[PDB]
Amino acid sequence: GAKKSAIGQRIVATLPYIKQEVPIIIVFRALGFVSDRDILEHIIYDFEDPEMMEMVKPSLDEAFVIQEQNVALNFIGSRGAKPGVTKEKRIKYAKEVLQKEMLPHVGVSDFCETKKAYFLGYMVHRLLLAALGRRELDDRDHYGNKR
Amino acid sequence: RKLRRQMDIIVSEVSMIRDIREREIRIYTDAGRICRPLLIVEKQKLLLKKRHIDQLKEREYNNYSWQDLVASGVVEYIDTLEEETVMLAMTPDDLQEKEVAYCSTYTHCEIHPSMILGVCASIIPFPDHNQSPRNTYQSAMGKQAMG
Amino acid sequence: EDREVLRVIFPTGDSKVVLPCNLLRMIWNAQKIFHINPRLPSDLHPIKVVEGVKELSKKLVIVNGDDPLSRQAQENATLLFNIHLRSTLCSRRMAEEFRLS
Amino acid sequence: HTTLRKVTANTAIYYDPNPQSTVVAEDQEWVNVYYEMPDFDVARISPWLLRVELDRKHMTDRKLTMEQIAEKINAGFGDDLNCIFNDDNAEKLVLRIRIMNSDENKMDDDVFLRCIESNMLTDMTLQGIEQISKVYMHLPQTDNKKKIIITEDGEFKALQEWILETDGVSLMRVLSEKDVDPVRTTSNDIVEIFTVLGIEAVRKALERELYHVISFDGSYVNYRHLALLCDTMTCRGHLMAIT
Amino acid sequence: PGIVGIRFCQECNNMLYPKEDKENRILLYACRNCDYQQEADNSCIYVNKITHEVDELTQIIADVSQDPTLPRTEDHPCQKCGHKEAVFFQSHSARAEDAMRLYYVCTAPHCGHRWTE
Amino acid sequence: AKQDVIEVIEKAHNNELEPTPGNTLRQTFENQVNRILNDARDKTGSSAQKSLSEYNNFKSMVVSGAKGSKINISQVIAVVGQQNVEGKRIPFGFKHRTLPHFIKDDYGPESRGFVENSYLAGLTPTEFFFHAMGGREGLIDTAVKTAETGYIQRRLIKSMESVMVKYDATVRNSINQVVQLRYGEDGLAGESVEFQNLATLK
Amino acid sequence: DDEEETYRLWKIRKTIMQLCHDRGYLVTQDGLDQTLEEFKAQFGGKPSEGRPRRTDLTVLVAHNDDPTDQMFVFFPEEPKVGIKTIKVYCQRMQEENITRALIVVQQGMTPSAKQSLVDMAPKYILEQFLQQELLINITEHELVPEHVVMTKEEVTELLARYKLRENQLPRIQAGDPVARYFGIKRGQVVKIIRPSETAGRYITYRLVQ
Ligand SMILES: [Zn+2]
Ligand SMILES: [Zn+2]
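So the protein lines, in turn, are chains D, Z, L, U, V, Y and C.
Residue numbering for the first sequence follows the working numbering, starting at 1130 and increasing by one per position.
Residue numbering for the second sequence follows the working numbering, starting at 53 and increasing by one per position.
Residue numbering for the third sequence follows the working numbering, starting at 7 and increasing by one per position.
Residue numbering for the fourth sequence follows the working numbering, starting at 42 and increasing by one per position.
Residue numbering for the fifth sequence follows the working numbering, starting at 19 and increasing by one per position.
Residue numbering for the sixth sequence follows the working numbering, starting at 114 and increasing by one per position.
Residue numbering for the seventh sequence follows the working numbering, starting at 2 and increasing by one per position.
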């Protein structure tokens, strides 16, 4: 297509208790990082490597239209299990999603929005290494992955 | 590693993994991991000396047993995904100088190679002399034997 | 004419075919039952080898009919067998190799 | 099938205000050579430059000519695109590209110019036939693939000749091309034999495939039983799956 | 040519975007959320390496010299300090094209020199 | 053999190995090592089959085809040879090494699964494990293929079940529609035919 | 280039002259075998800016039994054809009194034209051939057995011998590349003569439905 060809590869997260996919940079702004320098500071630990930089760039242009935290939570809450009648019912709903059902092993309570920021940026960081090919795809049967 | 071999702060069950190329370090206290004991090798010598074996030989009425062997740092439990960072020696034979050095770094020695076999495959005499499906069939027919 | 048909039906010249009766065995069986001496000259007339296969090939009937559509459809069904059966029973091979009485 | 990405070393988009600027060191030589007598620039020259590199290895491997690529790019996209290239003398083989001159006479430019690249690298189709991934060349040692001719003595003489074997199939265009043998060319895929050569060719090409999987092991199943299965399938007039 | 890289605005710290000055014909970068503009020094924008001949000596970490599981030879001495131990390994990289080339990492503390033969 | 594999391995470290056309350098290396090791186990097999006396009982069961094949004698006396998983030499389950004992990036014959011991002298510990990995692929196939070959056997029957040779000798399915004018095109039952040479051809 | 497009116009013309010969239309032996240079002499090399314009390539061949029947092979110059273009051709067939004719399309027919061909069954029949489907004669492939279209006299005598109804034969659908080649219409029966490795020859009959 005309858009698919120009953009390149876009990254998306599929969250628990959300009907369909959500773009990634929307998920970082939902966690309280407004600027793209802070968002890309959690995902890419060294800015002198442009190869990663070019990988993320098309995922900023898809999230370019929502620049604000409370706009972003509303972007998520629209897709929840049921759409909230009132807006602030959705923002209250999406924030309860990021607090509890989002990566609960990091933390469940309040200021964990920072603790969830690095590690969630680390999923997005390690998904790049397998896209660039600097690491091996994990093995489904490797018996160290089993409990 | 030194605190686990003295069992001070860290139970022998906790596994710890230094992955160099990706720069991570991982410490898993989680339940369900599967780990088997190995002898430890410092420099080219086993940490199992003769004085340890003389005390175990007399184990009756010494109140001296496996736990007192593990607590001396001679044996170590190593689960799977920590076997990726280890060099094992089949027997103490591989530790001696062969004049052509395959590896000089062996960090753990296995107790005996034939402990890789389960309970029903441990009854077969000379299992290494048989075609491989024939140790699998005996595993099936060893459970059906009248006794 | 049959050697030109075979090279059309069998390119790559694979000569191994599957046919109803074994000719080389039965020619070989009729040497032993009748005690034929191959060192000796044969008594078998070279015409009665020819007139006997022609009269044989009419008595092998896959398709029964008098129609020009039935005739043409037998000559095709027995084609590769009559070709084989005229190779081994040839009037020369009977005089030289087999020496049938 | 050779896409332009097969022969491409690297790609960069540059911003040139005027061609004689040549922010690159080397291009300035032959850039001026073409602009000593510049043609079809009458409208204006778009500033946004697309400069691609072509590995001489893959270029000489497929016997590709810079003039040949220049034609296919200019022909594929038309006059909306201008293309300029080196002589083989250049140790670094370069192909310059710019937006339409008369376009100066939405989509922006740098965006629209990157949209051209990601369309070219995949879609150019310099050579060959799309859907043909690879083609292997070897001399067959099996008497089935060996051309076997009746000599003047009537003997069978098995000849060794080079045969090609493709990964992926489009049968109708492969047959049509020159020097390719119309008669003996065949594919293993049935449906593309059905749509091209008919239902009779499927009746035969199916019993040639079934006889290959059955007799590959060395096993032997009679020809009568192969021919009935291929008769039951194709006797309705079209391919009848067993489903 | 260069593999280029990002630039960030100095006010809202967003991604600057390249754009063309039509009057002066000078490449600019402009954040889209403010009026901040900056002149392009590099003059290259989007660069893509398809042949992607990649230098692994940049990715290799000097800490690799501490792994027991890697082989080492005293055949190849260190190029810098002339140390005999060198711990060598292959690409260890997916999408490496075809490379069995060994990369060498010098042992002994803090040298970390990394060469290829 | 294991010395000719070390040269092929050393040639590839220095890049001196040139790829065969149509083959990745990994594909040309995995071929040259299989060309050597197969000749090894093909030579030691035929060197073991020359040594068997006329009174040998293996040779008695093999020569008459009663049971066993010439390749079972090779593995008993001589060498068991390469062990394969999914048609490829043993893969890397750990990171860049096959078992904890081997060093990362060992492509040598021992690390990748070649067993140089015969069932009689007995397999060494690791060769026992790789030999177990190559045998699991045999057990799995036998469990999987039977359920596919039985679902195909049922489909071929239900589609053809009613086709029959009518008294016209025309083969006709259940509707009277004509599958063939004569059965098998020659009209002959398949049990009484034999192989023959034409002898006019060629 | 124009050497390829001159070579393509050499196959298409040659392969069609084999259709007309195999359907039983009178075709001179010289027109069947043309060396490219002899073809390049008659129709003159490069089509583009050249004497062959893709028109005047038209072929008029008369049937063997009836000199009146004939047929046309039309080459449209357009990449795609449309009802306004065919209506030009049909107006020409009306002009010269024939019925049957062929159309060789470069790329494809507009979906509105395909039905327009069917729109006239009795008066005029027209057949769509893609420019590729004629680039090779599929009759000469090894997989395709010799096909022979059968007269009505022979189909009656056939179905009486085996005592068959028409619908008990195998079928070959009218959309089959070897049905188009021989210009076969629903209800005709074709005779497949193919060599076999058991019988040595075998004759299959396909109905066309
Ligand atoms: Zn800004
Ligand atoms: Zn050093």
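All residues carry an ideal CB built from backbone N, CA and C; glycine is no exception.
In chain order, what residues of the same chain lie with their CB nearer than 8 Å to the CB of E143(Y), ignoring the 5 residues before and after it? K201 and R202
Using only CA atoms, which one of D67(C), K41(C), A180(C) and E5(C) lies nearest to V191(C)? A180(C)
Option nearest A111(U) by Cα separation, candidates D102(U), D128(U) and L238(U): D128(U)
With a cut-off of 8 Å, do at least 3 Cβ pairs link the segment 178-186 of chain U to the segment 58-72 of chain V? no
Neighbouring residues, chain D, relative to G84(Z) (Cβ below 7 Å): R1276
By the 10 Å Cβ neighbour count, where 16 or more other Cβ atoms means buried, how is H110(V) classified, buried or exposed? buried
Cβ shell of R137(U) (< 6 Å), same chain only, five flanking positions each side left out: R92 and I125
When the cut-off is 8 Å and only beta carbons count, does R1264(D) lie next to chain Z? yes
Chain U contact for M277(Y) (CB, 8 Å cutoff): no
For ligand 1, residues whose Cβ lies under 6 Å from any non-hydrogen atom: Answer in sequence order: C27(V), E29(V), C30(V), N32(V), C49(V), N51(V), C52(V) and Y54(V).
Verify the CB distance criterion: does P17(L) have a CB-CB separation below 8 Å to chain U? yes
Helix, strand or coil, according to DSSP, for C124(V) in the structure here? strand
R139(Y) to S174(U), Cα distance in whole Å? 20 Å
Does the distance from the C-beta atom of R88(Z) to that of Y129(Z) stay below 8 Å? yes
Would you call the segment 107-121 of chain C and the segment 77-93 of chain C in contact, with 3 or more CB pairs under 8 Å? The segment 77-93 of chain C and the segment 107-121 of chain C touch, with three or more beta-carbon pairs separated by less than 8 Å.
Does the distance from the C-beta atom of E241(U) to that of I193(C) stay below 8 Å? yes
Is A1159(D) closer than 8 Å to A1131(D) when the C-beta atoms are compared? Between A1131(D) and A1159(D), the C-beta gap is not smaller than 8 Å, which leaves the two residues out of contact.
Among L159(C), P171(C) and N168(C), nearest to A79(L) - alpha-carbon criterion: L159(C)
Taking only the alpha-carbon atoms, compute the straight-line gap between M1182(D) and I253(Y) and give it to the nearest angstrom. 46 Å
With distances taken between CB atoms, is the gap from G32(C) to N65(C) smaller than 8 Å? no
Looking only at DSSP bridge pairs, what is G109(C) linked to? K81(C)
Should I204(C) be flagged as near chain L, meaning a C-beta pair shorter than 8 Å? yes
Let's see if you can read the secondary structure: which residues bound the alpha helix (DSSP H) around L86(L)? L85 to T94
If you follow the alpha helix (DSSP H) that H22(C) is in, where does it begin and where does it stop? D3 to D23
Any heavy atom of ligand 2 closer than 7 Å to the Cβ of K98(V)? yes
Could one say the Cβ of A112(V) lies closer than 8 Å to chain D's Cβ atoms, at least one of them? yes
Residues of chain Y with CB closer than 7 Å to the CB of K64(L), please, in chain order. Per Cβ cutoff of 7 Å: no residues; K64(L) is ~17 Å from chain Y at best.
On the CB-based measure, 16 or more other CB atoms within 10 Å of its CB, does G135(Y) come out buried or exposed? Exposed, because fewer than 16 other Cβ atoms sit within 10 Å of the Cβ of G135(Y).
With a cut-off of 8 Å, do at least 3 Cβ pairs link the segment 1248-1257 of chain D to the segment 1172-1189 of chain D? Result yes; three or more Cβ-Cβ pairs closer than 8 Å.
Would you check whether ligand 2 has a heavy atom nearer than 7 Å to the C-beta of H94(V)? no
State the Cα-Cα distance for the pair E5(C) and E41(V), rounded to the nearest angstrom. Approximately 49 Å, taken between the alpha carbons.
Applying a beta-carbon distance threshold of less than 7 Å, which residues of chain C neighbour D73(L)? Within 7 Å Cβ-Cβ: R162.
Taking 7 Å as the cut-off, is the beta-carbon of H110(V) closer than that to any non-hydrogen atom of ligand 2? no
Contacting residues, own chain, Cβ-Cβ under 8 Å from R202(C) (five flanking each side not counted): Taking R202(C) as the centre and dropping the five residues before and after it, the same chain places the C-beta of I194, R195 and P196 closer than 8 Å to its C-beta, in chain order.
Can you pull out the residues from the segment 78-90 of chain U whose beta carbon lies closer than 8 Å to at least one beta carbon of chain D? none
Buried/exposed call for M274(U), threshold 16 Cβ in 10 Å: buried
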